[PDB]
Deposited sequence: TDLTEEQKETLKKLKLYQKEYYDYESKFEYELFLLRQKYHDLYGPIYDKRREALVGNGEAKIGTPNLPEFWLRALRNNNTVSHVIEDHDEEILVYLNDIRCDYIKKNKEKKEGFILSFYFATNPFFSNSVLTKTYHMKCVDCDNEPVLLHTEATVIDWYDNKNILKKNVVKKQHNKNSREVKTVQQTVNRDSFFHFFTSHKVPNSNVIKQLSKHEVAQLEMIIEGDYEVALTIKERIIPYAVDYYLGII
């Protein structure tokens, strides 16, 4: 009916209006997040300066990122005993804007890579293929480093992308912000 139709025009009007504000919101929200990503930036670098100061990772406080990781519930699960002698070489873990997780390694017997990146587009993931040296491929079993695969009855294709994504977020949001607190065992 036309009277109902007149109501509905008004309701569409108020809903567009709504969308205008939700727009300004998300915009003001992007702004706030970027503002603070750049405020964190410097602190992460200071931490990195301090630790990395060499052919062992984080020489000024050996095994840093390892214990940090070990002391996280979600991440500890994926980290096997045989991964540990590689992770001790980890210099820094960084995150850039979805996002690209970067793992910086000191020179090691295991691979030539100085950086293992993992990109999550937010859809598909892009991780750099590891440069395993001869007889040094620990994947030969389960390993934290199976993390560095690219992806896009199908339950196997969710679960892998479900648990691998859950790890990425932890690292992105728990480990990177509060690294030393995990290391201390105080979270």
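Unmodelled regions of the deposited chain, listed from N- to C-terminal end, are 1-3, 57-59, 104-112, 138-148, 167-189, 202-214.
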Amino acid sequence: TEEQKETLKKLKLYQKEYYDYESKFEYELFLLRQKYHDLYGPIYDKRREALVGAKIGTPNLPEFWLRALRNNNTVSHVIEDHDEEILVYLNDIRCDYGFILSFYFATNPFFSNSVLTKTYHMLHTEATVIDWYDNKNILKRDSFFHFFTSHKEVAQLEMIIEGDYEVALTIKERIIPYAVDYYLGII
From here on, numbers count along this sequence of modelled residues.
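When the mean C-alpha temperature factors of 158-166 and 26-34 are read from the deposited coordinates, 158-166 comes out higher. Sort the chain's modelled residues by C-alpha temperature factor and residue 136 lands in the highest third, per the entry.
Among the modelled residues of its chain, residue 120 has a C-alpha B-factor that falls in the highest third according to the deposited record. When all modelled residues of the chain are sorted by CA temperature factor, residue 111 is found within the lowest third. In the PDB entry, a CA B factor belonging to the lowest third of its chain's modelled residues is recorded for residue 104. Placement of the Cα temperature factor of residue 48 within the chain: lowest third of the modelled residues, per the deposited record.
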